[PDB]
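Trainee: Protein chains in written order, with the UniProt record's numbering: chain A, 9 to 206; chain B, 9 to 213; chain C, 1286 to 1334; chain D, 1236 to 1468; chain E, 1434 to 1468; chain F, 10 to 22, 119 to 440; chain G, 22 to 115; chain H, 2 to 247. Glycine is no exception: its CB is placed at the ideal position from the N, C-alpha and C atoms. Just dropping this structure here.
See the structure below:
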């Protein structure tokens, strides 16, 4: 038979959308009040339910819930591409302390683009677009299109929340710390995050 | 909270493989066994369970099952390509064709390409791999490699399985009959296609 | 086990008062009732007691 | 099903016995110490032959053990092996593990080496009775027989223009005696066999190349100094 | 020790097994005063 | 090697099991007769005319005929496979009963053949082992070994195939079995087949592609790809390999001492360890003396033994140098 | 019936290997290597080794020279055997 | 016919060995040294080069076996230093063709003791070019550097005639080695590799000592799945019997 409380949780009317987003790979932070509270209540059973898929329902120290696929994940995995990884670190680096002095939590594609160009090495930028290119405007446009694509890809995962308009301005969720290094008391966020980006 | 049989199915050791791989776009057949051997036992329970995510586990008169997301699907939607449907129909013909029963279900990419090019039109087919092709053998090789890649992607989506020691030889799922969704009945293929898009089963690319 | 022996064996008499097993076997069965995760080298409960 | 399992195990054992007695042939008179010949002996172990017989003809008569919900299939097998042939009685290594071992047909066979030691005839090459160099030569003989079979099989596929490279190893060569070492060298070169041999003391000074290794501690790490050696003193 | 340690200090005894007139035997040469 | 042989040659262009039974009977009789004659162990010519000429050719021919029967069973199982395939093509649904009956009778035929094979293999193997035992009745019987060798595998091979075929067949059957519930029960009237063919011939005029929830399977953080331990290591490259005559630091003098004691062996001269050590150590400085003494002793003692050791009288600690070094040693007398 | 020099050579080669074979069974993984060796010793390369070997094995099977048996565990997932016709051709010379 | 011959073994950045090269004898090569001289490390490095299948490699030594010989990591990671390291063998083919097979090993990051292994092979290398020199660059006074795979490819490609190949799979590595008469058996299957490794590891230990006698069954007798399937059928029947009884 099945645990009764697990039956209660899976029968919960909030179970379907939460489960679908979790399959997608989307994290559930404290901002998702209903999903977060449901997860907090029924974690003891949902962890088993997802581990049956060989997927761990991990609550980060930041409190956000996400599905860590094991190697044997019964849900075949997709992964964030190389540009996705570095743009995610740039997003965390856009969510860390210094952004409070520059964007107050509301950022634009221009901010991320400028930070990516100034901080990231030209070699990895060319690796993103192409090794033979050199600073040309068309290559910059292709890089910007890829930046928009990866930004939306992060959006699907609940890692960036878009402001409701076609303009590419958004806020960054705490779950973005999965990209960045774990913060320690007395550590400069800028120093550690730059060392990891370098 | 739940009916006895539905909780039973959700409790089955095979259930997680089924659920996860169906969410990952894999489909039900003789191959893809772990998702079929017991879903034959709880088809109705799994269908009503999946309706909660605004998705339907659809069985045609064929014994294969496959997942279809609604417009309001909670799990996001996506589609395949024309060449994928092509290789799929060829695979379905192979699956049904008793003449190749001696193959015991094992088939090689060369056999697949031979049958495909025999039944289909080489040039009009090749128009879609590359728009400009005009019978260049380079484009023919491109089409063969694309057939290989589509076979790989169909493997990812539960139509075919490479043998443990052979990626060139493979075994076919009954989910291949999904590709015969426009031929599973004697009605017009276009009106059936309209009924699939209505039931979100297929859309033109 | 020492603490239980001090103050809670009286909940465990059922194990103690059973003619099935001897006093040392009773101790072994209690100890393995405690720390249940801890297996032994599949030895006689007589020896464990 | 039990009868079928017993029958298939017995057929496999007989086939392997035939194959091993087959492979035994084609051995030259090695001269390792007093050992003047080597041979392989394969036989069915009685402890497991009795178990096989019970399984094949008397399965039902102990179904009580098998339907015991407390016993897994391997544990059931182990407990049955305890019931009959109780001289093997052993439960400190878990019954599950012993049953799992019992789920290997190969274990059921005694597979040993006989040596033509002097004129005593073929004696079981027990390590407590043979000089250790003689035992090492016996093991090398077994290994070379195996690799001879390997090469001979692939003889067809390989063109005769290529004779495949041959190279085996032997650590702790100090065990061997001069007779065994010389017999090993003569056998290997007769078989065009290359060897890499190790010993604390240089037991092969007059044959082959020789290196000596010395390990030194240096600034919290380690280095190995390798020095050549030459055939005299 | 089996002679693979045999340091300078102390009474060093050299045990060597041999058969003397069919008698199992171990000859023992002594050394000391070293170090 | 045979490749060129052929190249330059330039050449180019009864399943009844009773046959198996009579062949097995003939093989048993001939094999027992040949084993008996080998056990008789006549001269070399008798050995030949009893164990190579009759044995080799007769057993080879009948093994090959038994394999011919096996190959006829192989062709027949192939035939029934193609016949089942063709019958499905013509009767479709109506062929189910015929196909199942054909599978049943083929399984029965294979089972009876396997039983006929196993009926004599074990005893024939015992006969071959008897011949192997008898083969050591003549040194020149090596060639017989090769036959006694070969014929075993052939026999085993036969038996192997005897089982292997069924192992294949029973598998193939299940495929056929599954086929009936995975091809025809869903296409009882076959219309799906022709309609699928027509749709394939005319697909693009019904342009449709299947919809799935395949937007993302499971997106996740990428691995720390190929991040490995490394230090751009450097190291003092080995110099020209030095050479030393097998620890010549000790072994030059080992040769010297083994010679200077091999003299004592050669003349069986009584060896006083005290006197020899004292005379010797003078050639070397004190810090080396201990290293010297061991090397000397490891040599001197191997040469004979001291007879006074068995008198019950302990030897004394004779001094052998300054600084206080001493040696307890009886005079070596019995080499 | 049709046996080019290379095909007939491959046939004797398979026959000899079978006479040497442990269990008489021939996996396609060995057939491919035998075909490679015979073509190598004949020194012709029209196309890949794989395609030519596939065509040759199919030709002999259809020409009632080889019997094929699918087996997923076998190397190359298939096994092959000489048919009586192939046997009678190989032995006629050997 | 002149059987091919192993010429020399080069261990780079190994535990205790930075750029060492031992010239193998035609017939017999001997290693000597007291406690912990590292001979087992040399044998392990050779066999790792021969069979780079990380799974099979598990080097409990002949004596003083187990982890304490430096093998809780399977005797690979810890028997290496950190970073790029090499194990390469020169072979003179029976066709008299020099070929340097080799493997680049690297310690994997983290608390784990896994090793990243990459096979490779070189042909046409001039007989004079010593692998030690080929695999090292003289940076700093008399203390040379070791160069990674990419730098090795650059250096070799800059040399005329020499052809350097990397195998995406160990299977093709062994296939090429066999085609050059380096292997007696075509290890087409991982099982063939397993039996091969069994033979070499048994020879390494040598004799009929406890391990060799215990594993003689595996060495000689192949595994049979028929027994396993029969046992599993018995198991299923027993389970269903119990179900019916209850």
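State whether the region 197–211 of chain H contacts the region 1263–1279 of chain D, with contact taken as three or more CB pairs (one from each stretch) at a distance under 8 Å.
Mentor: With the cut-off at 8 Å, the region 197–211 of chain H and the region 1263–1279 of chain D do not touch.
Trainee: Short of 7 Å in beta carbon distance, which residues of its chain neighbour residue 131 of chain B, apart from the five on each side in sequence? Order them along the chain.
Mentor: Result list for residue 131 of chain B: 143, in chain order.
Trainee: Name the chain D residues whose beta carbon is nearer than 7 Å to that of residue 58 of chain G?
Mentor: Residues of chain D passing the Cβ test: 1392.
Trainee: Can you tell me where the beta strand (DSSP E) with residue 1212 of chain D in it begins and where it stops?
Mentor: Examination of residue 1212 of chain D is not possible in this model, given that chain D is present from 1236 through 1468 alone.
Trainee: Whose C-beta lies closer than 8 Å to the C-beta of residue 63 of chain G among residues of the same chain, with five residues either side of it excluded?
Mentor: Around residue 63 of chain G: 26, 27 and 30.
Trainee: Measuring alpha carbon to alpha carbon, tell me which residue in F:130, F:141, F:172 and F:154 is nearest residue 46 of chain G.
Mentor: Here the closest residue by C-alpha is F:172.
Trainee: With DSSP run on the structure shown, which of helix, strand or coil describes residue 37 of chain A?
Mentor: Three-state DSSP puts residue 37 of chain A in coil, outside helix and strand.
Trainee: If you measure beta-carbon to beta-carbon, which residues of the region 62–74 of chain G are closer than 8 Å to chain F?
Mentor: Cβ contacts with chain F: 62 and 63.
Trainee: Please compile the residues from chain A whose C-beta is within a distance smaller than 8 Å of the C-beta of residue 83 of chain B.
Mentor: 28, 31 and 32, listed in chain order.
Trainee: Scan the region 48–74 of chain A for residues whose Cβ lies nearer than 8 Å to a Cβ of chain B and list them as they occur along the chain.
Mentor: So the list reads 60, 61, 62 and 63, given in the order they occur along the chain.
Trainee: When the cut-off is 8 Å and only beta carbons count, does residue 76 of chain B lie next to chain F?
Mentor: Yes, because at least one Cβ of chain F sits closer than 8 Å to the Cβ of residue 76 of chain B.
Trainee: Going straight from the alpha carbon of residue 221 of chain H to that of residue 1376 of chain D, what length do you get?
Mentor: Roughly 13 Å between the two C-alpha positions.
Trainee: Can you list the residues of chain C that residue 1315 of chain D reaches, using a CB-CB cut of under 8 Å?
Mentor: In chain order: nothing, as chain C lies at least about 18 Å away.
Trainee: Using a C-beta to C-beta distance shorter than 8 Å, which residues of chain F count as neighbours of residue 165 of chain A?
Mentor: Residues of chain F passing the Cβ test: 324.
Trainee: Assuming contact is defined by CB atoms lying nearer than 8 Å, are residue 27 of chain A and residue 61 of chain B in contact in what I supplied?
Mentor: Going by C-beta atoms, residue 27 of chain A is nearer than 8 Å to residue 61 of chain B.
Trainee: Taking 8 Å as the CB-CB limit, is residue 159 of chain B close to chain A?
Mentor: So, not an interface residue.
Trainee: Report all residues from its chain with a CB closer than 7 Å to the CB of residue 1 of chain H; omit the five preceding and five following residues, and keep chain order.
Mentor: In this structure chain H extends from 2 to 247, so residue 1 of chain H is not present and cannot be described.
Trainee: Mind listing the chain F neighbours of residue 1463 of chain E? Cutoff is C-beta to C-beta under 9 Å, in chain order.
Mentor: 420, 422, 431, 432, 433 and 434, listed in chain order.
Trainee: In this structure, how does DSSP classify residue 301 of chain H when only helix, strand and coil are distinguished?
Mentor: This structure leaves residue 301 of chain H out entirely; chain H is present only between 2 and 247.
Trainee: Among the candidates H:118, H:100 and H:48, whose CA atom is the shortest distance from the CA of residue 182 of chain H?
Mentor: Answer by Cα proximity: H:100.
Trainee: Using a Cβ distance threshold of 8 Å, determine whether the region 151–166 of chain B contacts the region 39–59 of chain G, with at least three qualifying pairs required.
Mentor: No, because fewer than three Cβ pairs between the region 151–166 of chain B and the region 39–59 of chain G fall closer than 8 Å, the two stretches do not touch.
Trainee: So for residue 250 of chain H, helix, strand or coil by DSSP?
Mentor: What is shown of chain H runs 2 to 247, which leaves residue 250 of chain H out entirely.
Trainee: Within the 8 Å Cβ cut-off, does residue 96 of chain G reach chain H?
Mentor: So yes, residue 96 of chain G belongs to the interface.
Trainee: Answer yes or no: does any C-beta atom of chain F fall closer than 8 Å to that of residue 1263 of chain D?
Mentor: For residue 1263 of chain D, the answer is no, since every Cβ of chain F falls outside 8 Å of its Cβ.
Trainee: Since I believe residue 377 of chain F is in contact with residue 1468 of chain D (beta carbons under 8 Å), could you give me their beta-carbon distance rounded to a whole number of angstroms?
Mentor: About 26 Å separates the two Cβ atoms, so there is no contact after all.
Trainee: To be precise: take each residue of the region 32–46 of chain B, compare its Cβ to all Cβ atoms of chain F, and keep it if any distance is under 7 Å. Which residues remain?
Mentor: Residues passing the 7 Å Cβ filter: 32, 33 and 38.
Trainee: Between which two residues does the beta strand (DSSP E) containing residue 249 of chain H stretch?
Mentor: Since the displayed chain H opens at 2 and closes at 247, residue 249 of chain H lies outside it and no answer follows.
Trainee: Thinking C-alpha only, which one of H:24, H:16, H:58 and H:235 is nearest residue 205 of chain H?
Mentor: If we check each option's Cα against that of residue 205 of chain H, H:58 comes out closest.
Trainee: Mind pulling the chain H residues with CB within less than 7 Å of residue 343 of chain F?
Mentor: Per Cβ cutoff of 7 Å: 20 and 21.
Trainee: Since residue 91 of chain G meets chain B, which of its residues come closer than 9 Å, beta carbon to beta carbon?
Mentor: Those are 110, 111, 112, 113 and 114, listed as they occur along chain B.
Trainee: Please go through the same chain and pick out, in chain order, the residues whose beta-carbon is closer than 7 Å to the beta-carbon of residue 1317 of chain D, but skip the five residues on each side of it.
Mentor: 1324, listed in sequence order.
Trainee: Hey, how far is the Cα of residue 153 of chain F from the Cα of residue 188 of chain H?
Mentor: Spanning the two alpha carbons is a distance of roughly 41 Å.
Trainee: Here's the rule I'm using: 16 or more other beta-carbon atoms within 10 Å means buried, otherwise exposed. How should residue 194 of chain F be labelled?
Mentor: Under this definition residue 194 of chain F is an exposed residue.
Trainee: Determine, using beta carbons only, whether residue 176 of chain B and residue 117 of chain B come nearer to each other than 8 Å.
Mentor: It is a contact, given that the beta carbons lie within the stated cut-off.
Trainee: Determine the contact status of residue 140 of chain F and residue 216 of chain F, defining contact as a CB-CB distance below 8 Å.
Mentor: No; because the gap between Cβ atoms is not below 8 Å, this pair is not in contact.
Trainee: Can you check whether the CB of residue 1407 of chain D is closer than 8 Å to the CB of residue 64 of chain H?
Mentor: In this structure, residue 1407 of chain D lies closer than 8 Å to residue 64 of chain H by Cβ.
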